[PDB]
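Undergrad: Could you have a look at this structure, given as structure tokens, before my questions?
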Amino acid sequence: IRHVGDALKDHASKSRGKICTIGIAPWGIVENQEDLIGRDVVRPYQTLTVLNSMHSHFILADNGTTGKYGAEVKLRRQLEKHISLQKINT
Amino acid sequence: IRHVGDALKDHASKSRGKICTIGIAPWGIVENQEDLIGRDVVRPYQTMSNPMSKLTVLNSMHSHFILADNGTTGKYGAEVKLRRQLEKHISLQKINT
Amino acid sequence: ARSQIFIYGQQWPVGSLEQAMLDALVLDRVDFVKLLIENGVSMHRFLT
Amino acid sequence: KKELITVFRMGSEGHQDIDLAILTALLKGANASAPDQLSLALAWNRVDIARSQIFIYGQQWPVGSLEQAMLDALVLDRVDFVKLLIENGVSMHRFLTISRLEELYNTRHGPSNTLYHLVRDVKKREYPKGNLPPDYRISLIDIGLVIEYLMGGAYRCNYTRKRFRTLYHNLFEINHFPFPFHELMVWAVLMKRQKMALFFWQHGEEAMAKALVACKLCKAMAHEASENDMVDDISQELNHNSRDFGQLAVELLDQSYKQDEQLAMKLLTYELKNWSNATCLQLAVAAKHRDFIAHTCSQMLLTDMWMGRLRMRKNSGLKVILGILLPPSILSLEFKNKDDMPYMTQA
Amino acid sequence: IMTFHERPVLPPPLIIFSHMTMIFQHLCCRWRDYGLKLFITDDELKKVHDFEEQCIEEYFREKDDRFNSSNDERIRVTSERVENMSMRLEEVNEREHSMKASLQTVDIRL
Amino acid sequence: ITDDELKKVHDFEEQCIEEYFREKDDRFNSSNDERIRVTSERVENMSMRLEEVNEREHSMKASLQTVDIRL
Amino acid sequence: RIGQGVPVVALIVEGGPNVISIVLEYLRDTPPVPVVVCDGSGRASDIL
Amino acid sequence: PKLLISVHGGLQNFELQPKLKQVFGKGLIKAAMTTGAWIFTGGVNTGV
Amino acid sequence: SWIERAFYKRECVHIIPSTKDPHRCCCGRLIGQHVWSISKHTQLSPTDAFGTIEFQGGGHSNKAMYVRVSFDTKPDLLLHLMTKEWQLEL
């Protein structure tokens with residue numbers, strides 16, 4: 001994902017083109033969890049591990065636990081299955 | 001012969017020469033036989049080959065054809081003896097030296 | 001399209017390549033026209 | 001004490017060079033904070049060392065230290081440190097203030113400049129005194145007086161306007177500059193830092209106006225240096241900088257003419273509120289830029305200015321003569337739209 | 001163009017009327033910006049600024065592409081790469097001599 | 001002229017077309033600029049491959065050392 | 001003028017028995033001085 | 001100076017590998033150029 | 001206000017099992033920092049961590065919308081979140 005973010009930084013420098021580059025991460029492993037507490041409020045973030053700086057959206061998933069993985073794989077798999085059942089516009 | 005035709009395609013794509021590449025095939029096994037009926041008349045030919053048909057088309061980048069008919073269609077063996085006899089008769093001819 | 005779709009062993013429906021020629025001609029794809037002519041399509045039998 | 005000893009090995013992965021080993025050993029032998037390492041790399045003028053060690057992933061940074069290092073890189077004429085600091089999160093909008101810009105104009109590091117002679121001349125002209133004191137702090141108002149003298153004509157710098165003088169008297173995001181790269185362009189042009197000016201030309205808006213202003217400022221400073229019997233190499237270098245900025249403006253005009261003609265007209269004509277309500281054509285004429293006006297876009301713009309509110313543009317001369325001699329021939333002419341291209345003097 | 005734009009409408013032999021006009025106007029302005037700008041709006045200003053950044057980016061990276069595609073640049077980059085490659089090949093030759101020696105030694109230990 | 005003459009000039013202009021495009025390709029390929037470009041991209045690819053071979057030989061020499069030590 | 005003196009490095013090539021005492025004097029110093037050694041020359045640098 | 005380098009080594013004359021000598025020389029020259037350093041040697045024309 | 005009323009979250013309220021380290025619980029957080037049901041006994045509630053994130057530093061400034069959701073949420077509401085609130089075409 002760090003190499004993905006470096007690719008996206010080059011892209012920012014490759015063209016103003018916009019990549020919708022959704023990140024699915026566990027909520028418990030993110031640094032500065034209190035920095036991202038709000039309701040439709042713009043929160044500054046500083047660049048447990050940090051989120052990637054060159055991503056566009058986030059689907060941070062909390063199973064309750066802190067500092068552990070496994071909180072996102074099943075949700076990401078089911079969401080990929082659900083979007084794959086959606087019909088294309090053709 | 002398909003590999004030889006690809007080689008001749010590359011030859012036509014980068015080199016000025018006309019390679020004499022006389023191919024000898026059975027007459028009854030070539031696709032669209034009625035397309036090649038005429039007497040000293042230029043007949044168009046299709047390089048499409050139908051995968052359902054067992055008959056195969058001629059190679060597109062050959063120079064001359066000695067299509068030999070023993071009467072049968074869709075079977076080989078109508079050209080081997082004639083080709084061997086023609087190669088022997090050519091080799092009997094003396095070179096210009 | 002050249003490396004995968006037009007590889008050896010690809011079965012083709014009758015009349016579909018002519019429709020692909022029409023679609024490549026209307027959508028300014030000179031290289032797809034080159035590939036389709038090089039894969040057996042003749043203009044004499046196509047242009048009406 | 002095994003941690004101080006750095007061992008270089010030929011071949012393998014022992015940095016493949018003496019100097020990464022030496023400078024890395026110095027950086028972790030100091031063992032201080034990353035501002036100290038950044039100031040050391042700034043002193044050594046080693047941008048690659050600071051990029052590959054100090055700005056590695058996961059480096060903790062104190063609040064306000066990056067702006068101090070930005071100021072220190074700006075006063076020492078280090079282009080690639082400013083590029084690296086900008087690429088690592090420092091922004092000009094949150095950094096550049098009035099006091100920091102005044103400190104930049106009053107710095108003594110970096111190369112030499114002829115700004116002090118200009119300040120002395122405009123102070124002698126304003127209050128006929130004479131030589132400035134050695135411990136003189138050059139205010140931004142004096143910088144505004146210097147620009148006006150060099151630009152010339154009826155130019156009025158934003159420093160000398162009543163709003164900026166009121167803000168200066170009441171203080172010495174209101175103190176932040178809305179367009180900081182314009183001020184950094186003017187500061188880098190005035191203290192004769194060509195590479196920093198070329199870096200600041202790329203970043204920010206109103207690039208053509210900045211290039212033409214820099215061209216005229218460099219030409220005026222070259223003329224002032226030749227008039228004051230200074231070193232002739234300074235005048236030659238300032239003329240070279242003026243020609244480089246003029247060539248940049250001409251190439252930008254070529255790119256704008258290649259992309260979109262009408263947007264190039266709109267770039268050439270729109271009023272520059274940050275440059276004394278001027279026009280890029282006026283700035284190019286005031287700079288005596290022969291190649292800018294002789295370009296096709298400026299010539300056809302002047303043709304559009306010539307005809308007024310008339311389409312015409314076919315067999316010119318005879319129809320307007322027939323309109324002048326016969327006033328009933330005027331109404332049979334194709335006039336332009338109400339808002340097609342409204343060149344006005346005072347709106 | 002600026003001289004004829006700032007000039008009065010009437011020609012010189014009838015210009016005295018126009019002069020009196022300006023005199024009267026000036027007196028009224030006592031009793032109670034030389035150029036031709038456009039005065040565009042804010043969205044048009046943003047469009048002009050974005051067009052300018054597009055042109056700046058285009059000019060800079062076409063200049064970089066012209067510098068990188070220059071026969072001169074290619075001849076330098078090729079030379080440097082070929083020098084570095086000769087250096088490494090020498091190193092690979094040495095390592096392979098050493099490896100053939102080690103193969104002989106292992107055949108001996110066999 | 002006749003239909004056969006039409007056929008012969010119809011062949012003649014196609015030797016002219018094929019000779020023009022393929023002499024133009026030969027002029028483009030035998031110029032200096034292209035040859036320099038082809039040489040520079042194959043120096044690109046050959047350099048990286050050679051660095052890779054260097055590293056793989058380092059590893060292989062280490063392996064031969066360990067094997068002979070075991071011996 | 002941020003609060004640091006000039007940095008001092010100690011490059012060691014080969015050397016004898018005395019340069020080990022020189023390295024000991026450099027490392028056990030306030031402020032400490034880093035020591036960069038080189039390999040392949042021999043003698044004290046190789047044993048280091 | 002922005003950097004002080006103290007080169008120490010053996011007083012006896014010695015010969016190193018040619019590539020090692022070239023790399024060490026290029027490193028010392030480049031390090032004293034770019035940082036504007038001061039090199040401190042033993043003075044006399046022996047060894048290091 | 002739809003994001004809080006549709007997407008849920010879960011919070012670590014357990015018996016604090018020490019295992020290895022006495023401060024580290026089953027969820028790994030600090031023992032006094034508290035406030036699946038197996039050994040975590042987690043409780044379900046509306047979210048209070050969603051909106052927009054402004055990345056300060058790290059080169060270019062990019063805003064990334066974000067949401068914290070439960071790991072057991074059905075993917076259909078998440079897909080309607082991206083298509084409707086987040087203005088993302090299929």
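Every chain in the structure tokens takes a letter, A first, then B, and so on in the order presented; its residues are numbered from 1, and the ligands are numbered from 1 following the presented order.
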Taking the DSSP secondary structure from the backbone, can you list the residues of chain A that are alpha helix (DSSP H), as a count of residues only?

TA: 26

Undergrad: Do a neighbour search on residue 12 of chain H at 12 Å with only C-alpha atoms, toss out local chain neighbours closer than 3 positions, and write the hits as a CSV table (one decimal) with C-alpha atoms, in the first residue's frame.

TA:
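Output contents, as saved in around_18.csv:
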chain,number,residue,atom,x,y,z
G,13,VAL,CA,43.3,3.7,7.1
G,14,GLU,CA,45.5,0.7,8.1
G,15,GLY,CA,47.3,2.0,11.3
G,16,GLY,CA,49.4,0.3,14.0
G,43,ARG,CA,46.9,-4.3,10.0
H,9,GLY,CA,47.2,5.7,10.0
H,15,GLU,CA,50.3,-0.3,-0.7
H,42,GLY,CA,50.5,13.6,9.5
H,44,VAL,CA,55.1,14.1,5.9
H,45,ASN,CA,54.9,12.0,2.7
H,46,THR,CA,54.6,8.6,4.3
H,47,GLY,CA,51.9,5.9,4.0
H,48,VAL,CA,48.3,7.2,4.5

Undergrad: Give the strand (DSSP E or B) residues of chain G, as DSSP finds them on the backbone, and put them as a count of residues only.

TA: 10

Undergrad: Residues of chain C near chain B: apply a cut-off of 12 Å, count only C-alpha atoms, and supply the list as a ChimeraX atom specification.

TA: /C:8-14,17,36-45

Undergrad: Quick one: residues within 8 Å of segment 58-61 of chain B, only C-alpha atoms counted, chain neighbours fewer than 6 positions away excluded, as an MDAnalysis selection string?

TA: chainID B and resid 1:2 5 8:9 30:31 47

Undergrad: Kindly save the residues from that selection, with N, CA and C atoms included, as a PDB file, in the first residue's frame.

TA:
ATOM      1  N   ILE B   1       4.691 -25.149 -43.532  1.00  0.00           N
ATOM      2  CA  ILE B   1       4.434 -24.215 -44.621  1.00  0.00           C
ATOM      3  C   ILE B   1       3.861 -22.911 -44.078  1.00  0.00           C
ATOM      4  N   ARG B   2       3.128 -22.967 -42.961  1.00  0.00           N
ATOM      5  CA  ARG B   2       2.684 -21.739 -42.304  1.00  0.00           C
ATOM      6  C   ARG B   2       3.861 -20.965 -41.718  1.00  0.00           C
ATOM      7  N   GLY B   5       5.505 -19.351 -44.611  1.00  0.00           N
ATOM      8  CA  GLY B   5       4.723 -18.187 -44.997  1.00  0.00           C
ATOM      9  C   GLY B   5       4.918 -17.001 -44.071  1.00  0.00           C
ATOM     10  N   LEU B   8       8.225 -15.576 -45.047  1.00  0.00           N
ATOM     11  CA  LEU B   8       8.084 -14.783 -46.260  1.00  0.00           C
ATOM     12  C   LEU B   8       7.329 -13.486 -46.005  1.00  0.00           C
ATOM     13  N   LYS B   9       6.429 -13.472 -45.018  1.00  0.00           N
ATOM     14  CA  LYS B   9       5.778 -12.226 -44.617  1.00  0.00           C
ATOM     15  C   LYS B   9       6.784 -11.250 -44.028  1.00  0.00           C
ATOM     16  N   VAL B  30      -7.784 -28.125 -51.077  1.00  0.00           N
ATOM     17  CA  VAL B  30      -7.746 -26.681 -50.882  1.00  0.00           C
ATOM     18  C   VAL B  30      -9.168 -26.148 -50.769  1.00  0.00           C
ATOM     19  N   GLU B  31      -9.350 -25.160 -49.898  1.00  0.00           N
ATOM     20  CA  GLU B  31     -10.662 -24.564 -49.712  1.00  0.00           C
ATOM     21  C   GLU B  31     -11.006 -23.666 -50.892  1.00  0.00           C
ATOM     22  N   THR B  47      -8.334 -15.339 -47.844  1.00  0.00           N
ATOM     23  CA  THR B  47      -7.407 -15.845 -46.839  1.00  0.00           C
ATOM     24  C   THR B  47      -8.094 -16.253 -45.543  1.00  0.00           C
TER      25      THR B  47
END

Undergrad: Which residues, written as a PyMOL selection string, have at least one atom at most 10 Å from residue 29 of chain A, with only C-alpha atoms counted and residues fewer than 2 positions away on the same chain left out?

TA: chain A and resi 25-27+31-33+48-51+60+62+65-69+71

Undergrad: Please measure the separation of atom CA of residue 74 of chain I and atom CA of residue 39 of chain I, giving the value in Å to one decimal.

TA: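 Computing it gives 23.4 Å between the two atoms.
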